[PDB]
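Numbering (the authors' numbering), first residue to last: 112 to 128, 136 to 181, 183 to 281, 288 to 406, 425 to 472, 478 to 574, 581 to 691. Note that CB positions come from ideal geometry on N, CA and C, so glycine has one too.
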Ligand SMILES: [Cl-]
Ligand SMILES: [Cl-]
């Protein structure tokens with residue numbers, strides 16, 4: 112196994128689709151585990167087969184209690200940086216205090232948690248931080264100063280002290302699935318950049334932990350190391366590195382499926398890599432790339448089954464089977485897909501304009517997924533083409549099957565008209587649903603301003619925080635295009651306000667992987683940039 116030039120990475124990935139992974143050394147033959155197996159230390163290890171060797175063991179200061188030296192953690196090098204990380208086992212009740220003493224004695228500023236607390240009812244790691252307020256863990260008082268919950272990870276700011290108090294930031298990756306590795310490595314690369322951002326140049330080693338302290342924790346350390354190697358050597362050698370880190374902590378990467386995943390992340394980071402940009406700071428090429436996002440046509444069964452054919456305005460813009468909106472019972481089908489927002493999963497329902505023969509279903513979707521906000525981006529007719537069925541009453545009330553819609557208020561503001569309805573189901583019988591009907595999109599082309607588009611996003615956000623905080627029903631006609639533009643800018647703008655960063659490309663690309671042809675035309679993509687420019691001023 113020799114190094115792969117990045118020039119040939121994509122090809123070698125194809126060719127290798136297990137044997138490589140099985141040739142790695144299990145770090146056990148050049149190692150010594152005397153200290154880890156001491157009787158005194160038995161109860162301190164979560165898994166008795168996954169133990170630090172004596173040489174790279176993190177060694178705590180001796181606290183007159185015997186065998187107080189020990190913790191299940193080991194130093195791990197980065198690409199050209201001795202001891203960049205500490206790969207630690209996720210602490211348990213009995214070692215929570217010893218854990219913080221490590222963070223303190225090692226001068227660490229960052230903890231990377233790659234596990235959830237419980238997994239399918241099995242406790243994979245004990246909570247070692249206060250929910251609210253403060254807690255003294257031994258001679259170290261930890262205090263929560265902030266918690267920010269984004270969709271793929273959450274971020275916690277601690278203030279630890281026993288003279289100078291110190292700020293430790295915990296980055297907790299929530300998205301990692303129970304069984305197997307993730308799906309895209311998109312989330313993990315963004316997460317890994319946020320760690321680079323929040324760790325100070327002067328700080329101690331980064332504490333990375335999962336359950337056993339080898340596996341996720343390993344795939345994470347390797348992906349960082351190998352990004353470094355690309356950015357320096359223009360070549361990647363995953364095999365020689367995993368081999369190296371195992372002689373510091375054995376078993377570092379745990380699965381065949383994990384080893385492959387390092388490569389996928391590395392490829393993603395090469396092919397698409399730098400498309401993020403800071404709000405401080425051509426599109427043609429980026430759009431070509433977006434357009435080469437494969438459509439998972441295998442994974443589109445339900446939407447193509449014969450009965451469901453007739454229910455779609457465009458038999459080509461149709462939900463993937465995994466993130467499709469499913470209703471109470478082929479009556480389970482509505483051309484509509486769940487889409488991740490910036491702060492939570494399944495935050496938007498991106499749907500088509502109801503057909504005259506799918507209003508019943510439409511309103512069942514709204515009712516069954518507790519939607520209270522509808523964003524409409526077309527008019528009923530456009531250029532003499534019937535682009536959406538009017539599903540809402542204008543004057544009185546209308547009953548679409550079991551649901552009843554009665555219109556309470558209807559205010560035509562600048563660009564957006566804003567209707568209010570009492571949706572009933574013929581004491582949890584009645585809701586108030588609010589429709590934002592955007593008249594600011596031209597019958598042909600994109601709008602040339604985007605003040606009115608900023609003002610709609612903004613309007614829908616207040617409505618969300620008030621009628622808090624359910625999934626938003628966005629539709630136009632085809633159910634991807636404008637819906638896409640809107641969902642994209644919603645997420646892009648939230649993050650600009652929040653992180654002061656801007657990655658339109660990945661934003662849209664992430665939309666393409668949830669529903670086909672989401673942002674659709676280069677016009678609409680250009681527009682995204684244009685609205686962000688307008689927002690910045
Ligand atoms: Cl949890
Ligand atoms: Cl694991």
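- The residues 597, in chain order, have a CB closer than 6 Å to that of residue 530 in the same chain once the five nearest residues on each side in sequence are set aside.
- Take the alpha-carbon of residue 439 and the one of residue 664: they are about 14 Å apart.
- By a beta-carbon distance limit of 8 Å, residue 521 does not contact residue 639. Their separation comes to about 17 Å.
- Taking every residue with its beta carbon within less than 7 Å of a heavy atom belonging to ligand 1 gives, in chain order, 235, 236, 237.
- In this structure, residue 554 sits near residue 545, with a CB-CB distance shorter than 7 Å.
- DSSP links residue 197 through a beta bridge to 200.
- The C-alpha of residue 442 lies about 11 Å from the C-alpha of residue 667.
- In this structure, DSSP gives residue 440 a state outside helix and strand, which the three-state scheme calls coil.
- Bounds of the alpha helix (DSSP H) holding residue 342 are 341–358.
- Of the candidates 147, 141, 162, 651, the residue whose Cα lies closest to the Cα of residue 403 is 651.
- Residue pairing by DSSP places residue 498 opposite 485, 628 in a beta bridge.
- Each of 600, 526, 642, 557 was checked against the Cα of residue 593, and the nearest Cα belongs to 526.
- In chain order, 195, 197, 330, 331, 333, 346 place their CB closer than 7 Å to the CB of residue 204, counting only its own chain and leaving out the 5 sequence neighbours on each side.
- Beta-carbon to beta-carbon, residue 171 and residue 150 are separated by about 6 Å, close enough to satisfy the 8 Å threshold.
- Under the 8 Å Cβ criterion, the stretch 115–124 counts as touching the stretch 379–395, having at least three qualifying pairs.
- Between residue 252 and the set 240, 242, 243, 265, the nearest pair of CA atoms involves 265.
- A distance criterion of 6 Å places the beta-carbon of residue 374 beyond contact range of ligand 2, judged by its closest non-hydrogen atom.
- Look at residue 340: its beta carbon is less than 6 Å from one of the heavy atoms in ligand 2.
- Closest in C-alpha terms to residue 174, from the list 428, 152, 620, 157, comes 152.
- Fewer than three Cβ pairs drawn from the stretch 596–613 and the stretch 484–494 lie within less than 8 Å of each other, which leaves the two stretches out of contact.
- Looking at the backbone, the Cα of residue 237 and that of residue 366 are separated by about 31 Å.
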